[PDB]
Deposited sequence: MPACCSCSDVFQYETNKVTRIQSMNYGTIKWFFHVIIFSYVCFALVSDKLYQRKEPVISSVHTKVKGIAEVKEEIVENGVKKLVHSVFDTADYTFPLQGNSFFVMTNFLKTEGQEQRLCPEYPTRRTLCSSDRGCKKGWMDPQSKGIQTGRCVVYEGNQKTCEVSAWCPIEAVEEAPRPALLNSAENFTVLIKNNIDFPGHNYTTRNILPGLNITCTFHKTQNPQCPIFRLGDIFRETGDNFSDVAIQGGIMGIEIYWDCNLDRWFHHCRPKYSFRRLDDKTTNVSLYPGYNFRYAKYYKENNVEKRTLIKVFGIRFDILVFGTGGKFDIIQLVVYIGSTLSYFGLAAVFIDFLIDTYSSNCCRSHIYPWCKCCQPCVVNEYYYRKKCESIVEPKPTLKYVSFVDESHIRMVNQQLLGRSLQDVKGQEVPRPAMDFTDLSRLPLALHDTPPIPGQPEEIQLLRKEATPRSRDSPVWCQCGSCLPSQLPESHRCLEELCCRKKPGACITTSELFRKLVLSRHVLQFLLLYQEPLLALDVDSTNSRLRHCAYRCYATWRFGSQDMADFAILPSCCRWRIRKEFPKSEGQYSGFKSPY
């Protein structure tokens, strides 16, 4: 119903005044809070992070004087050694080998171990060797005087097998400069900036400490920063990376979005000719001469510069913070978990029978028995099999949560449960009687008031004062029903049930065990004698559940 909707359930709690546990709780809380704040701040987990969208534009500057034997002096400018940056990469030629006046013809292949012949049996028509730029015609010819080489159809004359010139022809390229312009954007945060801001000095050159924001770089300085020789790499070529890192905060109070420049060599410094060391490619300059289609082939060596731009942009997001705080909230209950674990452990009698005698340091931890007593109440499943038995000659109570398979309840021994703090052959007292229940159910009432021979509880004065005092029982009956008037037999039955309940409460205490207790035949039949029923038999114990 509606009134049941408008309810609040609050947990019952025990507040303990202990320095140890308060100190532990506050220590836990302080450490957890400090770590939570540190993790939130260091990794900015209140921020939503967007990756960078980048555009790069480069401008290389410089000329080189080149000496090539033929000796001639020539000047190379940007139109001769570089092309506009494509795909965030730009290339600078540093060395070249040139092969003028090639024609599509038949020619002898350049002398090598493979191409050196002695007759037309060393060559096969149509042969495509992976190390040749031509197709064999099956007959081998003279390259020069004694030298005999296989004939090929190809661009002729064939390139000579020659190493890259040493020193590199454009070794002056280390004095070339490149200006890098980097445009970035965070489309989700709707923010874009660039690496060159107004006021930036435009005549500087980059230095990691002196000019760490000048976007003009001398190539030799890059190689020096990486620990490489420009002179050696310029001979066979290579690949160098220019890294631009953007760690940007777009909160207007803490706003900072500037690039960090870094350098990394990207080509493997392999010396294995099988892996094609360096960076080179073959380029054809086509031209017509005498109506004959000709080709000048250049083997180009140089350094490719890859501009690598990465990073993130962060702005405060409420949902991310809400998620993080929720992910952290459950860590504040670990103090309670740990302290309750301590209470449960140091309440074990083990921790006092063995541990404390050895480690006498841990002895004051015995207060946890009191704490556990004030914290936890233990109950059992009220199964129909549940039964409780008490012996006057003993000092504990027995939970017979087991089915009597024709065994006298006196014989069946159950679990030992402490009492709350504030003639048959199974009879050890000589005042018990055999049950009148059916033979199947006769064993439940085959119980005596004691385990070992001696006196009977029915002779105790308290038995006559509490269980059998008709005045006490009538007062109890009238307490619930002030104006109660009943017949003789009805009143006798009422007083009989009241006497059963009074005995059970006296001997077992808690109504939990009194509801499932079992009266001895001595006390049972004493009560039934004092308050008999007019006619019929007695049902006996019925489990409430």
Regions left out of the model, expressed as runs of the deposited sequence counted from 1: 1 to 5, 76 to 82, 435 to 472
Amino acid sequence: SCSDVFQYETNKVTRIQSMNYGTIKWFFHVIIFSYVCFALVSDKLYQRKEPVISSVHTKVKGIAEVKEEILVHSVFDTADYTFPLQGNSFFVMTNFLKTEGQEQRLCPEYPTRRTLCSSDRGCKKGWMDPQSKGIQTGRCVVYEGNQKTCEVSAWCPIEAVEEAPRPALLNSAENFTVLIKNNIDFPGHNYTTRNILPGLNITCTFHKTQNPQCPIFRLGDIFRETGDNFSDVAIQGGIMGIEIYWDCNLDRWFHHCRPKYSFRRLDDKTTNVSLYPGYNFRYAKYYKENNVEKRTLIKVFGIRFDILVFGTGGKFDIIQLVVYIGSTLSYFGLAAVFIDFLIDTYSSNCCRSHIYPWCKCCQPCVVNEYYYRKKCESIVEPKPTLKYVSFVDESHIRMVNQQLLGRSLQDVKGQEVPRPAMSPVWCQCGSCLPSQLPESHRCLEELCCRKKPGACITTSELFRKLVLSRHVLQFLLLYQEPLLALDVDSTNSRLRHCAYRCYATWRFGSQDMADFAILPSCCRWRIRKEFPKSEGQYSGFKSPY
From here on, numbers count along this sequence of modelled residues.
Is it the case that at least a third of the other compared entries omit residue 422, given both of its neighbours are modelled there? yes
Quick check on residue 489: across the other compared entries (only those modelling residues on both sides), is it unmodelled in a third or more? no
